[PDB]
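Beneath this line is the structure, given in structure tokens, with notes to follow.
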């Protein structure tokens, strides 16, 4: 029916599942993979 | 020299006219001849003129003025014009040539100091040498000086339109005051004395555009277009045509004119970029309206240009390449109050993801 494309075309989804996974801020992995790699060399 | 007993001097003076009036007549070409047809005759006899006497008071004028006709090699023409001061500068236009080259390099300080010597001696020239000085008094905020130059040019000879249309261009900014002088004394007088001018035709067209008389704007802009050669007048002549076509819900013909206005002369003014910005909205090709509207802010922002990219905003979500411009445009409509009605809607339409 047209009721589907009448609503999926005008609405706004600001948040979904994948939004929830990332922080709202800026936390890259340069400060994460650094220790992640340091832990593997000591073993 | 048949039997004139050594009269080579007058022969070289004869061929000097055939090496200078050709370049002088190549600029005012007619409809049956081209430019190269008078350039090729100006290049052949100049070499034959230098067989008797070389490097004289006017022979350097030809080498210098050969570069203005092709639009290149400006340093060569300035170095050839300076030599007339070191050989025998016995006239004023022997030195006036350097100021025209200073004008092409966007040097009005070097040009104004050279146009002062043109009025002290005031030699003979039907072209009103004071006209080029009143043309450089247009810049650097000398409105008290350029009118005093155009008035003397109008009192010596009213035949010159180059001293009259300037006062029309000096008066186009006043739209609420002095309208009759600007549509009649500066537009109806310059037209009846010289109808083949695309400047007065463009200005009569843009003056008639506000009076809602589009029947003559498109008629005059076609005649203001085919006789001009340089790219400064033709982009504006196409811009008037596409402006007259946009208000008639005729964007098909106006789109190509808006494209030609930017393809001919791009660094002229901000109007053709904004016309293509409001034009690319059509047919759903609003992608390129953003690229053409980007160059509008580079000159200066406007309260009307801020709502252009805001309405044609392709930013949706997690798209900071395009939402920053909509926010910065909305910050321009927020302070001023040009009867804002939907300005607050586009404000909240971005701030739903933010606070």
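Numbering of chain B is taken from Swiss-Prot, so the residues present carry the numbers 72-426, in order.
Method reported for this entry: electron microscopy, 3.3 Å.
Using N, Cα and C of the backbone, Cβ positions are placed for all residues, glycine too.
Nonlocal intrachain contacts for the repeat 'TPR 2' (B:129-162), taken as residues 6+ away from its ends with a CB within less than 8 angstroms of a stretch CB, comprise 87, 90-91, 94, 97-98, 106, 110, 113-114, 117, 120-121, 168-169, 171-173, 175-176, 194. Residues or ranges marked as repeat 'TPR 2' in Swiss-Prot: B:129-162.
Taking Cβ pairs closer than 8 Å, the repeat 'TPR 3' (B:163-196) reaches residues 128, 132, 135-136, 139, 145, 148-149, 152-153, 155-156, 203-204, 207-208, 210-211 in its own chain, all 6 or more past its ends. What Swiss-Prot records for B:163-196 is repeat 'TPR 3'.
Residues 163-164, 167, 170-171, 174, 179, 182-183, 186-187, 189-190, 237-238, 241, 264 of the same chain, all 6+ positions outside the repeat 'TPR 4' (B:198-231), place their C-beta atoms under 8 angstroms from a C-beta of that stretch. Annotation source Swiss-Prot lists repeat 'TPR 4' at B:198-231.
Same-chain residues lying 6+ beyond the ends of the repeat 'TPR 5' (B:235-268) with a Cβ under 8 Å from its Cβ atoms: 205-206, 209, 214, 217-218, 221, 225, 229, 274-275, 278, 281, 294, 298. If you look up Swiss-Prot, you'll see B:235-268 marked as repeat 'TPR 5'.
Among residues of the same chain six or more beyond the repeat 'TPR 6' (B:306-339), those with a C-beta under 8 A of the stretch's C-beta atoms are 269, 272-273, 276-277, 280, 285, 288-289, 292-293, 295-296, 299, 346-347, 349-350, 353, 363. Annotation source Swiss-Prot lists repeat 'TPR 6' at B:306-339.
As annotated by Swiss-Prot, repeat 'TPR 7' applies to B:341-374. Within the same chain, residues 306-307, 310, 313-314, 317, 322, 325-326, 329-330, 332-333, 380, 383, 385, 393, 403-404, 407, 409 sit at least 6 positions outside the repeat 'TPR 7' (B:341-374) and bring their C-beta atoms closer than 8 Å to a C-beta of that stretch.
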